[PDB]
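Asker: Input run.cif, format and content: mmCIF, C-alpha atoms and all ligand atoms.
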data_entry
#
loop_
_atom_site.group_PDB
_atom_site.id
_atom_site.type_symbol
_atom_site.label_atom_id
_atom_site.label_comp_id
_atom_site.auth_asym_id
_atom_site.auth_seq_id
_atom_site.Cartn_x
_atom_site.Cartn_y
_atom_site.Cartn_z
ATOM 1 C CA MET W 1 0.000 0.000 0.000
ATOM 2 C CA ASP W 2 0.904 3.694 -0.063
ATOM 3 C CA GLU W 3 0.919 4.019 3.753
ATOM 4 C CA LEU W 4 -1.353 6.391 5.680
ATOM 5 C CA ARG W 5 -1.158 5.229 9.312
ATOM 6 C CA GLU W 6 2.111 7.015 10.100
ATOM 7 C CA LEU W 7 0.863 10.078 8.236
ATOM 8 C CA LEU W 8 -2.187 10.170 10.493
ATOM 9 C CA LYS W 9 -0.023 9.490 13.543
ATOM 10 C CA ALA W 10 2.182 12.476 12.658
ATOM 11 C CA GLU W 11 -0.783 14.855 12.656
ATOM 12 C CA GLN W 12 -2.102 13.230 15.837
ATOM 13 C CA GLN W 13 1.295 13.677 17.489
ATOM 14 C CA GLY W 14 1.242 17.379 16.771
ATOM 15 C CA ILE W 15 -2.356 17.697 17.958
ATOM 16 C CA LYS W 16 -1.350 15.964 21.193
ATOM 17 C CA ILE W 17 1.572 18.354 21.584
ATOM 18 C CA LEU W 18 -0.559 21.389 20.710
ATOM 19 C CA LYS W 19 -3.076 20.480 23.399
ATOM 20 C CA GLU W 20 -0.166 19.856 25.750
ATOM 21 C CA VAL W 21 1.449 23.218 24.971
ATOM 22 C CA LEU W 22 -1.838 25.080 25.492
ATOM 23 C CA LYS W 23 -1.996 23.670 29.020
ATOM 24 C CA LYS W 24 1.650 24.425 29.664
ATOM 25 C CA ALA W 25 1.138 27.976 28.397
ATOM 26 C CA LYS W 26 -0.927 28.459 31.558
ATOM 27 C CA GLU W 27 1.870 26.848 33.577
ATOM 28 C CA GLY W 28 3.812 29.867 32.405
ATOM 29 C CA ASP W 29 7.495 29.018 32.202
ATOM 30 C CA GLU W 30 9.779 30.669 29.659
ATOM 31 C CA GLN W 31 12.111 27.679 29.293
ATOM 32 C CA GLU W 32 9.115 25.371 28.974
ATOM 33 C CA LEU W 33 7.546 27.600 26.301
ATOM 34 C CA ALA W 34 10.777 27.573 24.287
ATOM 35 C CA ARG W 35 10.913 23.795 24.672
ATOM 36 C CA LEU W 36 7.276 23.484 23.613
ATOM 37 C CA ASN W 37 7.806 25.594 20.495
ATOM 38 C CA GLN W 38 10.809 23.467 19.544
ATOM 39 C CA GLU W 39 8.765 20.309 20.153
ATOM 40 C CA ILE W 40 6.102 21.520 17.720
ATOM 41 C CA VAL W 41 8.573 22.601 15.028
ATOM 42 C CA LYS W 42 10.464 19.310 15.258
ATOM 43 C CA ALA W 43 7.289 17.270 14.754
ATOM 44 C CA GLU W 44 5.954 19.456 11.934
ATOM 45 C CA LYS W 45 9.324 19.438 10.181
ATOM 46 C CA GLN W 46 9.462 15.643 10.326
ATOM 47 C CA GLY W 47 5.914 15.500 9.038
ATOM 48 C CA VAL W 48 6.880 17.501 5.959
ATOM 49 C CA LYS W 49 9.699 15.014 5.358
ATOM 50 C CA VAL W 50 7.304 12.070 5.529
ATOM 51 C CA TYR W 51 4.562 13.764 3.502
ATOM 52 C CA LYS W 52 7.036 14.687 0.752
ATOM 53 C CA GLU W 53 8.000 11.020 0.541
ATOM 54 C CA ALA W 54 4.320 10.042 0.494
ATOM 55 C CA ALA W 55 3.592 12.675 -2.164
ATOM 56 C CA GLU W 56 5.946 10.948 -4.590
ATOM 57 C CA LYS W 57 4.459 7.608 -3.608
ATOM 58 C CA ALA W 58 0.986 8.988 -4.246
ATOM 59 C CA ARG W 59 -0.921 6.655 -6.550
ATOM 60 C CA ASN W 60 -3.505 9.185 -7.721
ATOM 61 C CA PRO W 61 -2.821 12.880 -8.508
ATOM 62 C CA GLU W 62 -6.142 13.468 -6.763
ATOM 63 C CA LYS W 63 -4.724 12.040 -3.570
ATOM 64 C CA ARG W 64 -1.442 13.832 -4.216
ATOM 65 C CA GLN W 65 -3.333 17.149 -4.243
ATOM 66 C CA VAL W 66 -4.415 16.531 -0.664
ATOM 67 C CA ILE W 67 -0.886 15.594 0.422
ATOM 68 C CA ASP W 68 0.703 18.454 -1.533
ATOM 69 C CA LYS W 69 -1.779 20.869 0.039
ATOM 70 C CA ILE W 70 -0.866 19.638 3.525
ATOM 71 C CA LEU W 71 2.828 19.707 2.653
ATOM 72 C CA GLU W 72 2.677 23.452 2.091
ATOM 73 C CA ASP W 73 0.479 24.049 5.136
ATOM 74 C CA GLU W 74 2.803 22.245 7.554
ATOM 75 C CA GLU W 75 5.770 24.142 6.124
ATOM 76 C CA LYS W 76 3.600 27.233 6.599
ATOM 77 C CA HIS W 77 3.164 26.315 10.257
ATOM 78 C CA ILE W 78 6.928 25.920 10.684
ATOM 79 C CA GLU W 79 7.343 29.388 9.180
ATOM 80 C CA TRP W 80 5.047 30.840 11.864
ATOM 81 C CA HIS W 81 6.879 29.090 14.700
ATOM 82 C CA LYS W 82 10.213 30.262 13.281
ATOM 83 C CA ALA W 83 8.934 33.802 13.883
ATOM 84 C CA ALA W 84 7.865 32.844 17.407
ATOM 85 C CA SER W 85 11.429 31.628 17.925
ATOM 86 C CA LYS W 86 12.491 35.245 17.420
ATOM 87 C CA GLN W 87 9.889 37.203 19.386
ATOM 88 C CA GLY W 88 6.449 36.593 20.839
ATOM 89 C CA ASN W 89 4.086 37.129 23.760
ATOM 90 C CA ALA W 90 2.469 34.579 26.089
ATOM 91 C CA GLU W 91 -1.092 35.244 24.930
ATOM 92 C CA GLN W 92 -0.064 35.278 21.272
ATOM 93 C CA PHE W 93 1.830 32.014 21.723
ATOM 94 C CA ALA W 94 -1.206 30.289 23.238
ATOM 95 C CA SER W 95 -3.347 31.697 20.433
ATOM 96 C CA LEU W 96 -0.894 30.420 17.810
ATOM 97 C CA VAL W 97 -1.002 26.954 19.331
ATOM 98 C CA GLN W 98 -4.808 26.858 19.390
ATOM 99 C CA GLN W 99 -5.031 28.159 15.815
ATOM 100 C CA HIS W 100 -2.444 25.622 14.643
ATOM 101 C CA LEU W 101 -4.527 22.964 16.410
ATOM 102 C CA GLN W 102 -7.557 23.835 14.310
ATOM 103 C CA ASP W 103 -5.509 23.462 11.124
ATOM 104 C CA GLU W 104 -4.240 20.005 12.019
ATOM 105 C CA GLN W 105 -7.740 18.891 12.969
ATOM 106 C CA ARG W 106 -8.878 19.779 9.439
ATOM 107 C CA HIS W 107 -6.024 17.728 8.009
ATOM 108 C CA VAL W 108 -7.067 14.698 10.052
ATOM 109 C CA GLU W 109 -10.694 15.385 9.102
ATOM 110 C CA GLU W 110 -9.702 15.446 5.433
ATOM 111 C CA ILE W 111 -7.356 12.433 5.631
ATOM 112 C CA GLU W 112 -9.581 10.087 7.668
ATOM 113 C CA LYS W 113 -12.120 9.849 4.858
ATOM 114 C CA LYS W 114 -10.620 7.126 2.711
ATOM 115 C CA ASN W 115 -12.435 7.620 -0.581
HETATM 116 ZN ZN ZN W 201 1.252 21.664 11.288
HETATM 117 ZN ZN ZN W 202 -1.385 18.858 9.574
#
Output the file's structure in the form of structure tokens.

Answerer:
Amino acid sequence: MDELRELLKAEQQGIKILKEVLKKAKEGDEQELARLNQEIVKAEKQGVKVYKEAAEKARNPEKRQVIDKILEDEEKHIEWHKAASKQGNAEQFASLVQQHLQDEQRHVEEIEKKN
């Protein structure tokens, strides 16, 4: 097969982390927040690596569209967090995490329907 389970797991991993970070944002530690941001970027970056591989292994261009779309969006997310790695505020950081969460949920929503 073309493999989808790890692809799903990657998005799930980020969602788990995002929910985790949102909690920890209330914990309110600078070192933790930096760690959390790095955790997110690392997962997203790896996801792009896997999705790129999957994109080439995409059987249908129709299915590739979905993957290719996500490929850009996860890179897009990394771009946002790269900015956060420069400067950011606590409230904004929590908001970024929650907004990112919504994006990933769409991806899972889109991917889970195997048709
Ligand atoms: Zn993402
Ligand atoms: Zn995603």

Asker: Evaluate the PyMOL selection byres (((chain W and resi 71-82) around 8) and not hetatm) on the structure here and hand back the selected residues as a ChimeraX atom specification.

Answerer: /W:37,41,44-45,47-48,51-52,67-70,83-86,100

Asker: Interatomic distance between atom CA of residue 1 of chain W and atom CA of residue 110 of chain W?

Answerer: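 If I compute the distance from atom CA of residue 1 of chain W to atom CA of residue 110 of chain W, I get 19.0 Å.
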
Asker: Rounded to one decimal, what separation in Å do you get between atom CA of residue 49 of chain W and atom CA of residue 103 of chain W?

Answerer: 18.3 Å

Asker: Around ligand ZN 202 (chain W), which protein and nucleic acid residues have at least one atom no more than 6 Å from it, if we count all atoms listed in the file? List them as a list in words.

Answerer: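 Using all atoms listed in the file, everything at most 6 Å from ligand ZN 202 (chain W) comes to residues 11, 74, 104 and 107 of chain W.
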
Asker: Of the candidates W:108, W:90, W:7, W:101, which shows the shortest atom-to-atom distance to ligand ZN 201 (chain W), using only C-alpha atoms and all ligand atoms?

Answerer: W:101

Asker: With only C-alpha atoms and all ligand atoms as the basis for distance, which of W:25, W:33, W:8, W:43 is at the shortest distance from ligand ZN 201 (chain W)?

Answerer: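 That would be W:43, the residue with the smallest distance to ligand ZN 201 (chain W).
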
Asker: In Å, how far is it from atom CA of residue 61 of chain W to atom CA of residue 4 of chain W?

Answerer: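 Distance between the two atoms: 15.7 Å.
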
Asker: Nearest residue to ligand ZN 201 (chain W) out of W:39, W:27, W:112, W:53, using all atoms listed in the file?

Answerer: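 Among the listed residues, the smallest separation from ligand ZN 201 (chain W) belongs to W:39.
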
Asker: Could you tell me which of W:99, W:59, W:109, W:2 comes closest to ligand ZN 201 (chain W) if we count only C-alpha atoms and all ligand atoms?

Answerer: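 When distances to ligand ZN 201 (chain W) are compared using only C-alpha atoms and all ligand atoms, the smallest one comes from W:99.
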
Asker: Exactly which residues make up the result of the PyMOL selection byres (((chain W and resi 20) around 12) and not hetatm) on this file, given as a ChimeraX atom specification?

Answerer: /W:13-19,21-27,32-33,35-37,39-40,94,97-98,101

Asker: May I ask which of the residues W:42, W:114, W:62, W:34 is the closest one to ligand ZN 201 (chain W), counting all atoms listed in the file?

Answerer: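 The closest residue to ligand ZN 201 (chain W) is W:42.
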
Asker: For ligand ZN 201 (chain W), which residue out of W:102, W:115, W:87, W:38 is the nearest one, using only C-alpha atoms and all ligand atoms?

Answerer: W:102
